[PDB]
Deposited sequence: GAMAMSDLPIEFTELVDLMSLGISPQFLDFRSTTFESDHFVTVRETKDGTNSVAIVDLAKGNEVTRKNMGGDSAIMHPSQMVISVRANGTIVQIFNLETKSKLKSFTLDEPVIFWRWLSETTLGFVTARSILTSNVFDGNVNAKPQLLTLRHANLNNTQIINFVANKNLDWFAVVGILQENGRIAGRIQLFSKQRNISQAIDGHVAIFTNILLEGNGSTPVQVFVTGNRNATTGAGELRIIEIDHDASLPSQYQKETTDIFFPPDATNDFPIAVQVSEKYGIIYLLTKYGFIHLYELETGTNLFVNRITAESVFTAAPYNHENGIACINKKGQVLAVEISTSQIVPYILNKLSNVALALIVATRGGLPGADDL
């Protein structure tokens, strides 16, 4: 085990759900949902009839409400709950005003949903992908079709739906059993062209990076990670999307290994989150390994197994500067860079002054003034 003073990261437990009386029977992907580090929503059932909303921003205060619905998520930052029943009926409520933001019935059941932005909720059915601007005031409007699902997502469990800030690029992630392992399939979608591309991958996120020469204008990159179910080889890719011709500097595509030890045969990437501010990628595996990469270069900075209990969900942490996850024991664990230790770590453990400068300059971090 590595001591905290030696790490490039700060590692914390936000809450333990079992400590709060949550049964392990509900500590699973469909029951215990996590859109951001602000809230955890636990669906419980007893005698044929609830949600426990854990407010991580208010000392882990628990709000319990009975519900007729069978699935629920909280918004990333506001006291706004989205509930669905029988896959077709969806309602979204501001719990503070008790006001209904959205209320509609879909023609095809929702099988997956995820907040794409502060304004927009993403929905996936067996055949389609839709989005709703939940705050637009049009309570009874159904979500607008984004596109049909690609055939590559056929017979998958949909596990993520992400978008860029512009809400014109999207990725939907599904997994399936193959070769005794879990393979990942991603449908990438450009709304501008209304065209999809199918790729292999278990995790996906869109982010932005400020490059020298481009002034204050960021370029957009898509970050994706895969473990090949046939070979067992892991790979992270970072690629530019929609390069603005007015900008002189381009982002060169980066590809880096995702290491898996010989005894982690059936592990795979389960989450990826990125700090735009620091240019740091956080990749988490199902078996609890954290992998940090520098965003500009794709360089691997750090690998450590932060938990031995399997992870089932994750989300952004600390104003999207880190990653948080939930393990099978209901531990909500958080990793972010250590602002005081990361630069010294790169200088001393990685022995790389140039990389240390990249990180320190982008993040405004101490350690490389000399």
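Of the deposited sequence, the ranges 1, 51, 373 have no C-alpha coordinates according to the record.
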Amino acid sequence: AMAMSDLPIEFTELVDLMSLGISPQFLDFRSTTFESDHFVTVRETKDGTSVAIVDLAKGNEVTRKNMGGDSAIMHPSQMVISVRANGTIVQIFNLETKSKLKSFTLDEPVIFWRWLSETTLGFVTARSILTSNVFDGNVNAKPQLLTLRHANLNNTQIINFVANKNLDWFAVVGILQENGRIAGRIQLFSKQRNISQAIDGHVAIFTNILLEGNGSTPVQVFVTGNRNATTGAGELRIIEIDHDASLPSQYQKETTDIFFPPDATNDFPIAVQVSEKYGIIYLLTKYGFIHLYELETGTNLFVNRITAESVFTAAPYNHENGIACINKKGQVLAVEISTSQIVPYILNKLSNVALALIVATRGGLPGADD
From here on, numbers count along this sequence of modelled residues.
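Per the PDB record, of the two stretches 186 to 194 and 246 to 254, 246 to 254 carries the greater mean B-factor over its C-alpha atoms. Look at the mean CA B-factor for 207 to 215 and for 222 to 230 in the entry; the higher one is 207 to 215. Looking at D168, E235, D263, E294, the one whose CA carries the top B-factor in the deposited record is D263. The PDB entry gives the largest Cα B-factor of the residues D28, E44, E35, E336 to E44. Among the modelled residues of its chain, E118 has a C-alpha B-factor that falls in the lowest third according to the deposited record.
In this PDB entry, the Cα temperature factor of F302 sits in the middle third of its chain's modelled residues. In the PDB entry, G322 places in the lowest third of its chain by CA B-factor. Placement of the Cα temperature factor of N66 within the chain: highest third of the modelled residues, per the deposited record.
Among the modelled residues of the chain, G87 sits in the highest third by CA temperature factor in this PDB entry.
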